[PDB]
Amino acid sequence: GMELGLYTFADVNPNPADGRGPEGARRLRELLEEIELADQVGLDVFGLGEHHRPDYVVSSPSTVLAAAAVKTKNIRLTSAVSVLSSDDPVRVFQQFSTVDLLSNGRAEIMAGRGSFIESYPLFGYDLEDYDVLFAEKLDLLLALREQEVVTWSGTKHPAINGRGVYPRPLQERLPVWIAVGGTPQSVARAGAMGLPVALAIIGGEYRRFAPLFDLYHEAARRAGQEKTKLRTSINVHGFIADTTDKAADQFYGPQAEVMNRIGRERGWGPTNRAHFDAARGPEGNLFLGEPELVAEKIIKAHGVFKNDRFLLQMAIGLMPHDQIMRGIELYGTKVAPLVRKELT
């Protein structure tokens, strides 16, 4: 039925008192603790996103997921997202294949744009080439996973002339999800390819995205892709506490500081509590409150999307570790059983 998981970018203080090294080490300590607890309370997936900024510690999700692999038993381990357009698909495949071996078949790649642009100047790419870079590198990533020895050529990556890529993973077909978007063009591309898609619901009302899944399914059905192979996920922000009032009070500040920073860099004004209270209402984008309320919204959202997977981002900005740990607990032991029993 429904897969339930978590994802995070592993935020840090951009100006720590005792320097960026100790801050990073602390954050990664805490992050592993999050992943270990999520595994222990039976959550299905944990995602880590790639960023290239002083306020995030994870620029290499596969490296951190290798550590998670050997400290967990069941939880699936994915990027969320890999900014594939600015990386080398051979390296990405090798890294995730290695995580797959370390985790006994639990690795996945989620590839997409992300909402940040720091990777392009860092790695020497022009954003005007995003679409070609992503198309070619995704094509190459898919060729790599489909067989040991590949022959590939394009315009944006050197040719590969009948060479094996090692090591081979454990899974027959290492899963690759495409993170969209919210642009009809993006979902139809992925649909026509028969690839699973993950939709970030970032603001506004969640049901406004329903046509995107319609379009995904139509692009697939059109291209004669087998209905039953298609998977969909929604990736949302939110938080769970012992009461809805406590979830709201705890999440508001840490969350606002991040979403204000993002707005500044994208050209919009700061958030407020009224916007936040609207967002956490039944139709809003934020999946937030006591376990019962959050469970109810996940079930309702499924009525709308018929999504196979749901990923929740709670660890945002300077959310206290203890609060995140309690939220992960409540998500696994209270929210998940309610969702799972209704959707089975």
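In case it trips you up, residue 1 is the first one in the sequence shown, and so on.
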As the entry reports it, the stretch among 119-127 and 184-192 with higher mean C-alpha B factor is 184-192
Of 334-342 and 4-12, the one with larger mean CA B-factor | 334-342
Residue set 75, 201, 101, 84, per-entry CA B-factor max assigned to 201
Out of 168, 91, 237, 261, highest CA B-factor residue | 261
Within-chain third of residue 214 by Cα B-factor, per the entry = middle
Divide the modelled residues of the chain into thirds by Cα B-factor and specify which third, lowest, middle or highest, holds residue 309.
-> middle
Within this chain, which third does the Cα B-factor at residue 220 fall in: lowest, middle or highest?
-> highest
Would you mind checking where the Cα B-factor of residue 241 ranks among the modelled residues of its chain, as the lowest, middle or highest third?
-> middle
Residue 108 by Cα B-factor - lowest, middle or highest third of the modelled chain | lowest
